[PDB]
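Please read the structure below before turning to the comments.
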Amino acid sequence: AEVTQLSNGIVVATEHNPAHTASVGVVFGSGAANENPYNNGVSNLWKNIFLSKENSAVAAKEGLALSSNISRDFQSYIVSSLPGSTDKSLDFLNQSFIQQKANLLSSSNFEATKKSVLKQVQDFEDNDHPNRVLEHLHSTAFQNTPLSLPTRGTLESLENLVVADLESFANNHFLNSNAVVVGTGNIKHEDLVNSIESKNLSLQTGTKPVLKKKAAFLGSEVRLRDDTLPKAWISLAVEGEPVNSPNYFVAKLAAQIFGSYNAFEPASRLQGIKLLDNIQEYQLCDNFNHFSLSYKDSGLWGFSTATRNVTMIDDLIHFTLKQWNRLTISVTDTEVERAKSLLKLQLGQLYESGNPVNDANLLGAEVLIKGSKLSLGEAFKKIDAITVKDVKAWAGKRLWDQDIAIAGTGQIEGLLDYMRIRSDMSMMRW
Amino acid sequence: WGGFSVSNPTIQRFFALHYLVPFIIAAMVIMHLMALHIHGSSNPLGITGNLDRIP
Ligand code: HEM
């Protein structure tokens with residue numbers, strides 16, 4: 001458990017633990033939330049040439065493995081080494097992001113990569129209905145606002161993208177003040193920071209990105225009815241918490257109370273979740289899962305679900321929203337306590353997997369926003385300190401009689417109108 | 001009439017009948033709503049309503 005971050009000319013962040021391999025990468029503070037409607041998908045395209053057969057063979061000769069991830073707030077390019085080769089990873093990083101960042105964009109490479117992210121993003125829209133729905137949830141929830149842009153980009157902005165768009169983006173966002181270099185694995189801080197302060201040369205230092213306009217939640221829906229699909233997939237959310245919200249953890253705990261479910265897993269049917277008494281009688285769904293998604297400016301708190309019970313979708317939604325009503329008025333001590341324990345377990349399994357590439361992404365994203373990483377033991381202190389009173393005060397502000405955002409696809413004829421769903425965000429009282 | 005002309009018998013039985021028939025109308029309204037329910041309302045376009053219902 002370590003967090004050593006220090007700024008030379010660039011900002012260097014590491015977290016070392018004797019494991020096996022080491023992962024080095026640069027993580028930029030700009031993602032799909034920084035694109036336009038019209039160059040949407042430029043980051044995903046950058047990712048895909050960085051992993052192209054040409055660049056990927058040059059790394060595999062050296063015994064290096066490549067990894068990249070496009071998100072909303074950020075963007076990361078990562079090389080995993082075998083831990084004494086922690087220097088030959090920094091060679092491949094700079095040989096790409098200074099030298100080859102004019103050789104990767106060759107006409108034959110770009111056209112074969114663009115053709116591959118087109119088959120890629122098309123395949124997504126055709127078949128991945130849960131993530132497709134969740135992506136459209138962000139699209140309508142945050143419409144005409146940076147968080148609405150999908151991470152993979154749209155088929156139409158993608159096929160109209162040229163080399164100059166990659167260039168213009170790279171020249172405005174792959175800057176020094178919008179970068180953090182991250183090392184996870186087992187390698188020391190002073191083992192890496194010296195290999196970085198070895199070579200100087202700043203490259204476009206002093207240049208800031210471009211500013212924008214703030215993200216906002218708009219209560220709304222997008223309904224992607226398709227009667228030929230064998231199920232209905234729906235996601236429903238309120239405006240949640242940004243990272244570095246006081247209620248960052250209260251929100252995450254609230255989502256753990258209702259948790260996630262899988263009708264076919266015997267153990268899942270037995271969880272201490274009151275909602276399960278309602279939904280199992282007539283089998284109202286195959287699965288659901290609650291989430292508290294947090295970004296820089298905003299977040300989404302809600303749930304997603306999939307079902308073949310297409311004539312009782314209204315009972316699914318009704319029982320789920322009646323449970324959420326309880327958070328404001330009647331959530332019990334032992335529900336909160338169950339959530340604490342399970343939130344710790346899952347937050348643990350995230351922050352300490354046996355895979356440094358995940359560690360890098362979690363470290364990178366955190367330090368880009370607040371300039372530091374809160375340690376796992378520090379989180380548990382915050383989690384344990386949450387009372388029933390906290391959850392109630394949170395839910396009464398975020399959940400009770402608040403606008404929602406809805407998205408769905410498949411057989412959603414039985415998903416009732418907006419106002420019916422929205423009325424269930426509260427209860428009648430004297 | 002209950003006699004030779006419209007008289008007391010007539011008005012007393014017409015009150016009794018006036019009280020009754022509203023309840024038969026009520027039962028016929030239920031039969032009216034039963035037939036309405038199996039096919040639903042029509043609409044101003046004169047075509048199917050099946051593609052877009054609201055509660
Ligand atoms: C006490 C009398 C009646 C009651 C309470 C009644 C009630 C209703 C109700 C609630 C509806 C649905 C809403 C509407 O379309 O307005 C309806 C539909 C209808 N009623 Fe009546 N009704 C009465 C008398 C009649 C009469 C006298 C006729 C015709 C001779 C009639 C013909 C219809 C028809 C054809 C419809 C369907 C209209 C459509 O959907 O296009 N009703 N009625």
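Here's how to read the names in the structure tokens: chain A, B, ... by the order shown, residue numbers from 1 in each chain, ligand numbers from 1 in the order shown.
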List all protein, DNA and RNA residues that have an atom no more than 8 Å from any atom of ligand 1, counting only C-alpha atoms and all ligand atoms, and report them as a tab-separated table (two decimals) with N, CA, C and O atoms, in the first residue's frame.
```tsv
chain	number	residue	atom	x	y	z
B	25	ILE	N	-80.38	1.18	-16.65
B	25	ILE	CA	-79.46	1.93	-17.48
B	25	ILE	C	-78.02	1.74	-16.97
B	25	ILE	O	-77.11	1.46	-17.76
B	26	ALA	N	-77.85	1.75	-15.65
B	26	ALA	CA	-76.55	1.50	-15.04
B	26	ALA	C	-75.98	0.12	-15.41
B	26	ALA	O	-74.78	0.00	-15.71
B	29	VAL	N	-74.89	0.30	-19.01
B	29	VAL	CA	-73.63	1.02	-19.12
B	29	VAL	C	-72.43	0.11	-18.84
B	29	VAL	O	-71.42	0.19	-19.54
B	32	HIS	N	-72.01	-1.89	-21.83
B	32	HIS	CA	-71.39	-0.98	-22.78
B	32	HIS	C	-69.88	-0.90	-22.56
B	32	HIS	O	-69.10	-1.00	-23.51
B	33	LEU	N	-69.45	-0.77	-21.31
B	33	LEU	CA	-68.02	-0.68	-21.02
B	33	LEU	C	-67.30	-2.02	-21.20
B	33	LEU	O	-66.13	-2.06	-21.56
B	36	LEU	N	-66.58	-2.19	-24.86
B	36	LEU	CA	-65.55	-1.20	-25.11
B	36	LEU	C	-64.16	-1.75	-24.77
B	36	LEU	O	-63.19	-1.49	-25.48
B	40	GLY	N	-61.02	-1.76	-27.10
B	40	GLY	CA	-60.51	-0.43	-26.84
B	40	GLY	C	-61.17	0.64	-27.69
B	40	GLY	O	-61.97	0.35	-28.58
B	41	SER	N	-60.88	1.89	-27.35
B	41	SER	CA	-61.36	3.03	-28.09
B	41	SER	C	-60.75	3.06	-29.48
B	41	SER	O	-59.67	2.52	-29.72
B	42	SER	N	-61.49	3.69	-30.40
B	42	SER	CA	-60.97	4.09	-31.69
B	42	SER	C	-60.23	5.42	-31.52
B	42	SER	O	-60.03	5.88	-30.40
B	43	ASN	N	-59.83	6.04	-32.63
B	43	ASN	CA	-59.14	7.32	-32.57
B	43	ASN	C	-59.46	8.16	-33.83
B	43	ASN	O	-60.13	7.68	-34.75
B	44	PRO	N	-59.09	9.45	-33.83
B	44	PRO	CA	-59.52	10.34	-34.92
B	44	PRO	C	-58.97	10.02	-36.32
B	44	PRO	O	-59.54	10.43	-37.32
```
Can you work out which residues from chain B touch chain A at a cut-off of 12 Å (counting only C-alpha atoms) and hand them back as an NGL selection string?
:B and (50-55)
Write out as CSV a residue-level contact list of stretch 230-324 of chain A versus stretch 208-216 of chain A with cut-off 10 Å: for each qualifying residue the closest pair of atoms and the distance in Å to one decimal, counting only C-alpha atoms, rows sorted by chain and residue number upward.
```
residue,atom,partner,partner_atom,distance
A:239,CA,A:216,CA,8.8
A:296,CA,A:215,CA,9.2
A:297,CA,A:215,CA,6.1
A:298,CA,A:215,CA,6.9
A:299,CA,A:216,CA,9.6
```
Excluding residue A:350 and its own-chain neighbours fewer than 6 positions away, which residues fall within 9 Å of it when counting only C-alpha atoms? Please give them as a list in words.
residues 358, 359 and 362 of chain A
Quick one: pull the distance between atom CA of residue A:339 and atom CA of residue A:240, Å, one decimal.
17.9 Å
Find the spatial neighbours of residue A:375, counting only C-alpha atoms, within a cut-off of 10 Å - ignore same-chain residues fewer than 4 positions away - and output them as a PDB file with N, CA, C and O atoms, in the first residue's frame.
```pdb
ATOM      1  N   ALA A   1       0.819  -1.227   0.000  1.00  0.00           N
ATOM      2  CA  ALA A   1       0.000   0.000   0.000  1.00  0.00           C
ATOM      3  C   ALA A   1       0.833   1.248   0.000  1.00  0.00           C
ATOM      4  O   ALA A   1       1.198   1.733   1.029  1.00  0.00           O
ATOM      5  N   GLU A   2       1.049   1.833  -1.165  1.00  0.00           N
ATOM      6  CA  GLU A   2       1.809   3.076  -1.254  1.00  0.00           C
ATOM      7  C   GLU A   2       1.177   4.056  -2.226  1.00  0.00           C
ATOM      8  O   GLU A   2       0.559   3.650  -3.199  1.00  0.00           O
ATOM      9  N   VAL A   3       1.513   5.335  -2.073  1.00  0.00           N
ATOM     10  CA  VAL A   3       1.105   6.382  -3.013  1.00  0.00           C
ATOM     11  C   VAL A   3       2.155   7.489  -3.094  1.00  0.00           C
ATOM     12  O   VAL A   3       2.035   8.506  -2.405  1.00  0.00           O
ATOM     13  N   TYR A 351      -9.237  -2.384  -6.114  1.00  0.00           N
ATOM     14  CA  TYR A 351      -7.982  -1.685  -5.868  1.00  0.00           C
ATOM     15  C   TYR A 351      -6.786  -2.621  -5.747  1.00  0.00           C
ATOM     16  O   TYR A 351      -5.650  -2.215  -6.001  1.00  0.00           O
ATOM     17  N   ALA A 379     -10.300   4.802   2.733  1.00  0.00           N
ATOM     18  CA  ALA A 379     -11.664   4.658   2.236  1.00  0.00           C
ATOM     19  C   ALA A 379     -12.530   3.930   3.260  1.00  0.00           C
ATOM     20  O   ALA A 379     -13.586   4.424   3.650  1.00  0.00           O
ATOM     21  N   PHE A 380     -12.011   2.813   3.769  1.00  0.00           N
ATOM     22  CA  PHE A 380     -12.689   2.011   4.782  1.00  0.00           C
ATOM     23  C   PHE A 380     -13.036   2.824   6.020  1.00  0.00           C
ATOM     24  O   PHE A 380     -14.038   2.559   6.681  1.00  0.00           O
TER      25      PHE A 380
END
```
Exercise: residue A:241 partners within 10 Å, only C-alpha atoms, chain neighbours under 2 positions left out, as number ranges by chain
A: 238-239, 243-252, 292-301, 398
Keeping N, CA, C and O atoms for every residue in the selection just given, could you write it to a file as an mmCIF file, in the first residue's frame?
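Result file again_7.cif:
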```cif
data_model
loop_
_atom_site.group_PDB
_atom_site.id
_atom_site.type_symbol
_atom_site.label_atom_id
_atom_site.label_comp_id
_atom_site.auth_asym_id
_atom_site.auth_seq_id
_atom_site.Cartn_x
_atom_site.Cartn_y
_atom_site.Cartn_z
ATOM 1 N N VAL A 238 -30.739 8.543 -11.626
ATOM 2 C CA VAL A 238 -30.805 9.956 -11.269
ATOM 3 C C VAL A 238 -29.404 10.576 -11.385
ATOM 4 O O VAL A 238 -28.414 9.858 -11.605
ATOM 5 N N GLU A 239 -29.314 11.898 -11.259
ATOM 6 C CA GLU A 239 -28.004 12.537 -11.171
ATOM 7 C C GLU A 239 -27.295 12.077 -9.902
ATOM 8 O O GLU A 239 -27.817 12.239 -8.797
ATOM 9 N N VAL A 243 -16.686 12.512 -8.639
ATOM 10 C CA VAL A 243 -15.534 12.176 -7.791
ATOM 11 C C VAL A 243 -15.138 13.409 -6.984
ATOM 12 O O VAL A 243 -15.251 14.539 -7.470
ATOM 13 N N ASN A 244 -14.760 13.199 -5.729
ATOM 14 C CA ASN A 244 -14.475 14.303 -4.810
ATOM 15 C C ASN A 244 -15.755 15.027 -4.392
ATOM 16 O O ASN A 244 -15.758 16.241 -4.158
ATOM 17 N N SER A 245 -16.852 14.278 -4.361
ATOM 18 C CA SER A 245 -18.051 14.694 -3.651
ATOM 19 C C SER A 245 -17.934 14.183 -2.218
ATOM 20 O O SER A 245 -17.406 13.093 -1.979
ATOM 21 N N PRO A 246 -18.394 14.985 -1.244
ATOM 22 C CA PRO A 246 -18.599 14.529 0.137
ATOM 23 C C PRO A 246 -19.413 13.234 0.227
ATOM 24 O O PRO A 246 -19.121 12.360 1.050
ATOM 25 N N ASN A 247 -20.395 13.090 -0.659
ATOM 26 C CA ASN A 247 -21.262 11.920 -0.646
ATOM 27 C C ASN A 247 -20.843 10.860 -1.657
ATOM 28 O O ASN A 247 -21.620 9.954 -1.968
ATOM 29 N N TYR A 248 -19.586 10.921 -2.093
ATOM 30 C CA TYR A 248 -19.040 9.924 -3.011
ATOM 31 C C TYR A 248 -19.267 8.508 -2.496
ATOM 32 O O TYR A 248 -19.578 7.599 -3.265
ATOM 33 N N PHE A 249 -19.055 8.319 -1.198
ATOM 34 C CA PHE A 249 -19.132 6.997 -0.598
ATOM 35 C C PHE A 249 -20.542 6.628 -0.144
ATOM 36 O O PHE A 249 -20.945 5.467 -0.255
ATOM 37 N N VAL A 250 -21.298 7.617 0.332
ATOM 38 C CA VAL A 250 -22.705 7.407 0.668
ATOM 39 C C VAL A 250 -23.483 6.891 -0.549
ATOM 40 O O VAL A 250 -24.215 5.905 -0.450
ATOM 41 N N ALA A 251 -23.192 7.462 -1.716
ATOM 42 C CA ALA A 251 -23.824 7.058 -2.966
ATOM 43 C C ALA A 251 -23.465 5.626 -3.328
ATOM 44 O O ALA A 251 -24.342 4.818 -3.646
ATOM 45 N N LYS A 252 -22.176 5.311 -3.252
ATOM 46 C CA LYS A 252 -21.681 3.980 -3.588
ATOM 47 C C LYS A 252 -22.245 2.912 -2.646
ATOM 48 O O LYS A 252 -22.524 1.787 -3.067
ATOM 49 N N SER A 292 -23.103 3.350 -8.930
ATOM 50 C CA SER A 292 -22.874 4.773 -8.736
ATOM 51 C C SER A 292 -21.674 5.189 -9.572
ATOM 52 O O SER A 292 -20.526 4.934 -9.199
ATOM 53 N N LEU A 293 -21.970 5.646 -10.786
ATOM 54 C CA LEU A 293 -20.969 6.118 -11.725
ATOM 55 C C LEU A 293 -20.588 7.553 -11.386
ATOM 56 O O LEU A 293 -21.456 8.413 -11.230
ATOM 57 N N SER A 294 -19.289 7.791 -11.212
ATOM 58 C CA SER A 294 -18.796 9.125 -10.882
ATOM 59 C C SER A 294 -17.771 9.609 -11.897
ATOM 60 O O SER A 294 -16.915 8.840 -12.347
ATOM 61 N N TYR A 295 -17.942 10.854 -12.336
ATOM 62 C CA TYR A 295 -17.009 11.507 -13.253
ATOM 63 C C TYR A 295 -16.564 12.835 -12.647
ATOM 64 O O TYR A 295 -16.910 13.150 -11.505
ATOM 65 N N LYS A 296 -15.825 13.624 -13.423
ATOM 66 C CA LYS A 296 -15.283 14.888 -12.936
ATOM 67 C C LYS A 296 -16.383 15.880 -12.558
ATOM 68 O O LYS A 296 -16.358 16.455 -11.472
ATOM 69 N N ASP A 297 -17.355 16.059 -13.448
ATOM 70 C CA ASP A 297 -18.372 17.092 -13.272
ATOM 71 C C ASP A 297 -19.669 16.570 -12.662
ATOM 72 O O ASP A 297 -20.420 17.329 -12.047
ATOM 73 N N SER A 298 -19.946 15.285 -12.857
ATOM 74 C CA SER A 298 -21.226 14.718 -12.449
ATOM 75 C C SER A 298 -21.161 13.197 -12.367
ATOM 76 O O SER A 298 -20.087 12.605 -12.450
ATOM 77 N N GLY A 299 -22.318 12.579 -12.157
ATOM 78 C CA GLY A 299 -22.405 11.133 -12.128
ATOM 79 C C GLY A 299 -23.833 10.645 -12.294
ATOM 80 O O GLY A 299 -24.773 11.444 -12.368
ATOM 81 N N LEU A 300 -23.984 9.329 -12.400
ATOM 82 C CA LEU A 300 -25.294 8.696 -12.487
ATOM 83 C C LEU A 300 -25.456 7.647 -11.389
ATOM 84 O O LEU A 300 -24.630 6.746 -11.256
ATOM 85 N N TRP A 301 -26.539 7.749 -10.622
ATOM 86 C CA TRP A 301 -26.918 6.693 -9.684
ATOM 87 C C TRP A 301 -28.220 6.045 -10.148
ATOM 88 O O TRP A 301 -29.254 6.711 -10.233
ATOM 89 N N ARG A 398 -31.148 13.386 -3.612
ATOM 90 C CA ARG A 398 -30.789 12.848 -4.920
ATOM 91 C C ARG A 398 -31.849 11.922 -5.533
ATOM 92 O O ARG A 398 -31.912 11.768 -6.751
#
```
Need the shell around residue A:313: protein/DNA/RNA residues with any atom at most 6 Å away, counting only C-alpha atoms. Skip same-chain ones fewer than 3 positions apart. Format as a ChimeraX atom specification?
/A:310,316,414-415
Could the residues in this selection be saved with N, CA and C atoms as a PDB file, in the first residue's frame?
```
ATOM      1  N   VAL A 310     -41.883  -9.859 -20.470  1.00  0.00           N
ATOM      2  CA  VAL A 310     -42.126  -8.617 -21.176  1.00  0.00           C
ATOM      3  C   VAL A 310     -43.509  -8.023 -20.930  1.00  0.00           C
ATOM      4  N   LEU A 316     -41.502  -4.770 -12.398  1.00  0.00           N
ATOM      5  CA  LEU A 316     -40.060  -4.653 -12.197  1.00  0.00           C
ATOM      6  C   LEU A 316     -39.704  -3.234 -11.773  1.00  0.00           C
ATOM      7  N   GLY A 414     -43.879  -2.747 -22.862  1.00  0.00           N
ATOM      8  CA  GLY A 414     -44.433  -2.750 -21.522  1.00  0.00           C
ATOM      9  C   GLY A 414     -43.781  -1.784 -20.541  1.00  0.00           C
ATOM     10  N   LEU A 415     -42.742  -1.077 -20.977  1.00  0.00           N
ATOM     11  CA  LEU A 415     -42.114  -0.065 -20.136  1.00  0.00           C
ATOM     12  C   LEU A 415     -42.979   1.168 -20.267  1.00  0.00           C
TER      13      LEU A 415
END
```
Taking 2 positions as the minimum chain separation for residues in the same chain, which residues sit within 12 Å of residue A:389 when counting only C-alpha atoms? Answer as an MDAnalysis selection string.
chainID A and resid 250 327:333 336 385:387 391:396
May I have the residues from that selection written out with N, CA and C atoms, as a compact mmCIF listing (two decimals), in the first residue's frame?
```txt
# COMPACT_ATOMS: atom_id res chain seq x y z
N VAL A 250 -21.30 7.62 0.33
CA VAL A 250 -22.70 7.41 0.67
C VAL A 250 -23.48 6.89 -0.55
N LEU A 327 -34.91 4.44 1.06
CA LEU A 327 -33.67 5.11 1.45
C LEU A 327 -33.88 6.46 2.13
N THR A 328 -34.99 7.13 1.80
CA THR A 328 -35.27 8.44 2.36
C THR A 328 -36.00 8.32 3.69
N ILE A 329 -36.72 7.22 3.87
CA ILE A 329 -37.69 7.15 4.95
C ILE A 329 -37.53 5.99 5.95
N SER A 330 -37.03 4.84 5.51
CA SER A 330 -37.11 3.64 6.33
C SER A 330 -35.98 2.61 6.19
N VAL A 331 -34.88 2.99 5.56
CA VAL A 331 -33.74 2.06 5.45
C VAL A 331 -33.22 1.71 6.87
N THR A 332 -32.96 0.42 7.09
CA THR A 332 -32.60 -0.07 8.42
C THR A 332 -31.09 -0.10 8.66
N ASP A 333 -30.70 -0.10 9.94
CA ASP A 333 -29.30 -0.23 10.36
C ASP A 333 -28.61 -1.41 9.70
N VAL A 336 -27.72 -1.00 5.99
CA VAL A 336 -26.52 -0.17 5.89
C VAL A 336 -25.25 -0.96 6.23
N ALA A 385 -17.90 5.05 8.68
CA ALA A 385 -18.40 6.20 9.43
C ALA A 385 -19.80 6.63 8.98
N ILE A 386 -20.31 5.98 7.93
CA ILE A 386 -21.62 6.32 7.38
C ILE A 386 -22.76 5.78 8.24
N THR A 387 -23.68 6.66 8.60
CA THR A 387 -24.84 6.30 9.40
C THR A 387 -26.10 6.21 8.53
N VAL A 391 -27.30 8.27 4.74
CA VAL A 391 -28.00 7.71 3.59
C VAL A 391 -29.36 8.38 3.35
N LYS A 392 -30.09 8.65 4.43
CA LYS A 392 -31.40 9.30 4.34
C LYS A 392 -31.29 10.73 3.82
N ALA A 393 -30.29 11.46 4.30
CA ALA A 393 -30.10 12.85 3.91
C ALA A 393 -29.65 12.91 2.45
N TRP A 394 -28.90 11.90 2.03
CA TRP A 394 -28.44 11.81 0.65
C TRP A 394 -29.60 11.49 -0.29
N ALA A 395 -30.34 10.44 0.04
CA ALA A 395 -31.46 9.98 -0.78
C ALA A 395 -32.56 11.04 -0.89
N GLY A 396 -32.77 11.78 0.20
CA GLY A 396 -33.76 12.84 0.22
C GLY A 396 -33.42 14.01 -0.69
```
Length of the atom CA of residue A:262 to atom CA of residue A:319 vector [Å]:
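Between atom CA of residue A:262 and atom CA of residue A:319 the gap is 16.7 Å.
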As a ChimeraX atom specification, please: every residue in chain B that a backbone DSSP assignment puts in alpha helix (DSSP H).
/B:8-39
Compare A:184, A:145, A:194, A:204 by their minimum atom-to-atom distance to residue A:32, counting only C-alpha atoms, and give me the closest one.
A:145
Could you work out how far atom CA of residue A:70 lies from atom CA of residue A:357, giving the answer in Å with one decimal?
13.5 Å
Members of stretch 18-153 of chain A assigned strand (DSSP E) by DSSP, as a PyMOL selection string:
chain A and resi 22-28+65-70+75-81
Atoms kept (N, CA and C atoms) for selection, written as a tab-separated table (two decimals), in the first residue's frame:
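Result saved to again-v1.tsv:
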```
chain	number	residue	atom	x	y	z
A	22	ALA	N	5.74	-5.29	-14.11
A	22	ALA	CA	5.59	-3.85	-13.91
A	22	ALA	C	4.91	-3.20	-15.11
A	23	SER	N	4.06	-2.23	-14.84
A	23	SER	CA	3.32	-1.54	-15.89
A	23	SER	C	3.61	-0.05	-15.88
A	24	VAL	N	4.01	0.46	-17.04
A	24	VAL	CA	4.32	1.87	-17.20
A	24	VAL	C	3.41	2.46	-18.27
A	25	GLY	N	2.95	3.68	-18.03
A	25	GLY	CA	2.09	4.33	-19.01
A	25	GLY	C	1.86	5.80	-18.74
A	26	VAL	N	1.45	6.51	-19.78
A	26	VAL	CA	1.01	7.89	-19.65
A	26	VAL	C	-0.51	7.97	-19.71
A	27	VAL	N	-1.07	8.76	-18.80
A	27	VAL	CA	-2.51	8.90	-18.66
A	27	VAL	C	-2.85	10.39	-18.83
A	28	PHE	N	-3.55	10.71	-19.92
A	28	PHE	CA	-3.91	12.09	-20.24
A	28	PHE	C	-5.25	12.50	-19.62
A	65	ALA	N	4.25	-5.78	-23.60
A	65	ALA	CA	2.82	-5.96	-23.89
A	65	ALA	C	2.07	-4.64	-23.81
A	66	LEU	N	1.16	-4.42	-24.76
A	66	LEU	CA	0.49	-3.14	-24.92
A	66	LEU	C	-0.97	-3.14	-24.45
A	67	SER	N	-1.38	-2.03	-23.84
A	67	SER	CA	-2.73	-1.88	-23.31
A	67	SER	C	-3.16	-0.41	-23.35
A	68	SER	N	-4.40	-0.17	-23.76
A	68	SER	CA	-4.96	1.18	-23.75
A	68	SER	C	-6.44	1.20	-23.37
A	69	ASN	N	-6.88	2.32	-22.81
A	69	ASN	CA	-8.25	2.49	-22.35
A	69	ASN	C	-8.74	3.92	-22.56
A	70	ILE	N	-9.84	4.05	-23.30
A	70	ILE	CA	-10.51	5.34	-23.48
A	70	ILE	C	-11.71	5.45	-22.54
A	75	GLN	N	-7.74	9.26	-20.48
A	75	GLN	CA	-7.24	8.46	-21.59
A	75	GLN	C	-5.87	7.92	-21.20
A	76	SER	N	-5.61	6.65	-21.50
A	76	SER	CA	-4.39	6.02	-21.01
A	76	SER	C	-3.73	5.08	-22.02
A	77	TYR	N	-2.41	5.18	-22.10
A	77	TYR	CA	-1.59	4.33	-22.96
A	77	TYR	C	-0.52	3.65	-22.11
A	78	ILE	N	-0.54	2.32	-22.11
A	78	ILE	CA	0.15	1.53	-21.09
A	78	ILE	C	0.96	0.39	-21.69
A	79	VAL	N	2.19	0.24	-21.20
A	79	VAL	CA	3.05	-0.88	-21.58
A	79	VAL	C	3.43	-1.67	-20.33
A	80	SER	N	3.24	-2.98	-20.39
A	80	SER	CA	3.61	-3.87	-19.30
A	80	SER	C	4.93	-4.58	-19.60
A	81	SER	N	5.85	-4.52	-18.64
A	81	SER	CA	7.18	-5.09	-18.79
A	81	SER	C	7.44	-6.22	-17.80
```
